[PDB]
């Protein structure tokens, strides 16, 4: 059904579906079983920043995640996205909770896509930046439990009044406009995404994670993708 390319900030180690034994960042190409992962020293309650970059010349999707005053984690994977995704895609953020939970709060999100064609000076670009989300954010498609406006933030999963994260929740936010990532006369296509997040859990084992993803434009949350599936995959294959 959906084609998903995602960079996951996986807070819970589901070693039975291939997660390493620690929080990790991973690159998922059409499967929750990451093609590549890197240990991530996740800090409960701290605001982190994730940067994702890719260009069609190098064909390497790379991500860097850091927290202030801490060393960063980085993961890269060689993948030609022209062979995985459609030429028009939607980009978004997804997060879930299962039996274990955490807040999956997004405080800001920026994205820049550029397609440079062979005509002298031909650049097609799309750029958006959100440093605040309003209750009626018309340029975002919110799916599942995702809501905007509480403290001007984007809450991907359900958080009750007293700020408590709820389990078995899943939510996604996609930018409204389709994004053009391939065009026949493009000599270089590239994108960069950055988002700051705040994962906080009352528990010692937060779950399940946040993911930046690119999908077919009409992507919707797969049935039963709460928990370990991060609101992105229908199963764990």
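Positions refer to the first chain, counted from 1. What we label the rigid core is the largest C-alpha set whose atoms superpose within 1.5 Å from one form to the other.
Name the stretch, 95 to 103 or 128 to 136, whose C-alpha atoms sit farther from the shown form on average in 9 other deposited structures of this protein, taking the rigid core as the superposition reference.
Output: 95 to 103, the stretch lying farther off on average in 9 other deposited structures of this protein.
Following superposition on the rigid core, is the mean squared CA displacement, expressed as RMS, greater for 45 to 53 or for 203 to 211 in 9 other deposited structures of this protein?
Looking at 45 to 53 versus 203 to 211 in 9 other deposited structures of this protein, the farther one turns out to be 203 to 211.
Comparing 119 to 127 with 86 to 94, which stretch shows the greater average C-alpha B-factor in the deposited entry?
Mean B over CA atoms: larger for 119 to 127.
Would you tell me which stretch averages the higher CA B-factor in the PDB entry, 206 to 214 or 66 to 74?
Looking at the recorded C-alpha B-factors, 66 to 74 comes out higher on average.
Given 44, 56, 169, 37, the residue at which the Cα B factor reaches its maximum
Highest C-alpha B-factor among the listed residues goes to 44.
Highest CA temperature factor in the entry: which of 102, 151, 145, 139?
If I rank 102, 151, 145, 139 by C-alpha B-factor, first place goes to 151.
Compared with the other modelled residues in the chain, in which third is the CA B-factor of residue 159?
For residue 159, the deposited C-alpha B-factor lands in the highest third.
Where does residue 16 sit by CA temperature factor within its chain: lowest, middle or highest third?
Highest third - that is where residue 16 ends up once the chain's C-alpha B-factors are sorted.
CA B-factor ranking of residue 9, expressed as a third of its chain
CA B-factor rank for residue 9: lowest third.
Lowest, middle or highest third of the chain for the C-alpha temperature factor of residue 187?
Within its chain, residue 187 is a highest-third residue by C-alpha B-factor, going by the deposited values.
Is the Cα B-factor recorded for residue 108 in the lowest, middle or highest third of its chain?
Middle third.
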